[PDB]
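Next up: just one chain, as structure tokens, the form deposited in one PDB entry.
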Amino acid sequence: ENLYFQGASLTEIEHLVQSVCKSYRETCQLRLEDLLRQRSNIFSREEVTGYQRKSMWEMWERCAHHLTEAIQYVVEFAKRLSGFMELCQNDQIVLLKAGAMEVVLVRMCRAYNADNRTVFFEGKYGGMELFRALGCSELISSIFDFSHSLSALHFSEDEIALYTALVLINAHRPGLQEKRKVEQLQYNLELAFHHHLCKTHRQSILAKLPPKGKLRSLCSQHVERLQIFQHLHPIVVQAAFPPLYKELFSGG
């Protein structure tokens, strides 16, 4: 089916670096230069207050919609990733259901400004106080802290490309039918990432990357806060939440 489902040579690993970085540039959603340029565009006290005055359900809706948009880009990334379309449909769905949110959280560090602790949201930069109406302050602060810790690594676009490819192709995901196929693909993508860090003298970050339990904790918290919201506003979720968002976080 695919060359990266078997042991890959150094030249084939070099070819895998290029390919993963190409798939990412093509599906990265927002260009880093545009995100960096927008950093001086920060929501005012008045705009912050307006966001805080929004209803909990209006805020959950807007956030679910912006997350779905990001996820759609991660689906395109997966589809362009070498070996992913060669896996069976069950496995592709298993992989994206467990890892789409994890990839989005990692990608988000590009949109996070460590200098003033703000995130790009709806055209401007705002702090965690912008999301106060959601009623999930622990989750928001955990996401900001995570983005802060990734920003301290000074991740390049190519590093984000190779790391997120790895977050997605995880052969430990429960429900994978072609486990050995995913393991070999995971191994080659690990080699591709580690090769690129070796080549750029960036191996010092290996020990600084978050544990898998960190991204799993964040995704578990997201799922738990959505269940709490759903109990409060069931018809909002049923009528106004994106179908893709519901397929991934509330079982349909």
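All residue numbers are counted from 1 along the displayed sequence. Only residues modelled in both forms are compared. Here the rigid core means the biggest group of C-alpha atoms that line up within 1.5 Å when the two forms are laid on top of each other.
This protein has a second form, the form deposited in another entry, left out of what is shown; the following refers to that one.
Once you line up the core between this form and the one not shown, the CA of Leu226 is the only one from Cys63, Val48, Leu197, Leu226 that shifts by 2 Å or more. Once the rigid core is used as the reference frame, the Cα position of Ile13 differs between this form and the one not shown by less than 2 Å. Compared with the form shown here, the C-alpha atoms of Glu129 and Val236 sit at least 3 Å farther apart in the other entry. Cα-Cα spacing of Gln230 to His65 is reduced in the other entry versus the present form (difference of at least 3 Å). Against the superposed rigid core, the only consecutive-residue run (3 or more long) showing CA movement of at least 2 Å between this form and the one not shown spans 226-241.
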